[PDB]
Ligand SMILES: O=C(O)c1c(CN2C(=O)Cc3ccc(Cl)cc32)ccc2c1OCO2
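Coming up is one lone chain in structure tokens, specifically the form deposited without this ligand.
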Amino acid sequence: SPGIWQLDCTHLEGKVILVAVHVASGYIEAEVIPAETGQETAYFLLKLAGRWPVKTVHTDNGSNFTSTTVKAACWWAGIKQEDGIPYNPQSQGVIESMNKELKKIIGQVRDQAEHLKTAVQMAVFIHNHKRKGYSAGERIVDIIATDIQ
């Protein structure tokens, strides 16, 4: 549970926003890329796993599950690469709702920056700090610290 993350790819402004969600907390990291490719997804997972103890990643689609470059990055970084089949049907709903909430936040900040990437990092900040009471950033630290002890 503490080490499981889900990839999610959504689109805005003709660009792709790649998101990693820590499933147990709802904490996210995200980036804007011009298109989803294996190399961009592999680089994103390398960043993520140097920053949090990523044990398992559920990939977002079959092309990133198949990609040799993504499998190579997961080898390099010690991540178990898994498919992202929603065996629990509640799961695609949770992801869908997250994409809608993120796009809502992006719209609320959009005029505060020229570049979409800046708006997306403002939305990551607001999402991770929102108290639901604990925020997702607090939840992820508590879960992982509890795992370490």
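Residues carry their position along the shown sequence, with the first being 1.
ask   = In the deposited sequence, how many residues between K132 and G133 have no modelled coordinates (none, 1 to 3, 4 to 9, 10 or more)?
value = Gap between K132 and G133: 4 to 9 unmodelled residues.
inquiry  = I need to verify one thing: averaged over C-alpha atoms only, is the B-factor higher for 88-96 or for 105-113?
reply    = Between 105-113 and 88-96, it is 88-96 that shows the higher mean C-alpha B-factor.
request  = Could you check the entry and say whether 31-39 or 59-67 has the higher mean CA B-factor?
outcome  = Stretch with the higher mean C-alpha B-factor: 31-39.
task = Just say lowest, middle or highest third for the CA B-factor of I17 relative to the other modelled residues in its chain.
result = Middle third - that is where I17 ends up once the chain's C-alpha B-factors are sorted.
inquiry  = What third of the chain does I143 rank in for C-alpha temperature factor, lowest, middle or highest?
reply    = Within its chain, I143 is a highest-third residue by C-alpha B-factor, going by the deposited values.
Just so it is clear, the following notes concern the form deposited with this ligand bound, a form of the same protein that is not shown.
request  = Consider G84 of the chain shown here, and say whether it contacts this ligand in the deposited bound form, taking contact as heavy atoms within 4.5 Å.
outcome  = Although this ligand is absent here, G84 would stay clear of it in the deposited bound form, with no heavy atoms inside 4.5 Å.
inquiry  = I'd like to know whether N88 contacts this ligand in the deposited bound form, with contact meaning heavy atoms within 4.5 angstroms.
reply    = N88: no contact with this ligand in the deposited bound form.
message = At 4.5 Å, heavy atom to heavy atom, what parts of 97-112 sit next to this ligand in the deposited bound form? List them in sequence order, or say none.
response = Residues within 4.5 Å: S97, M98, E101.
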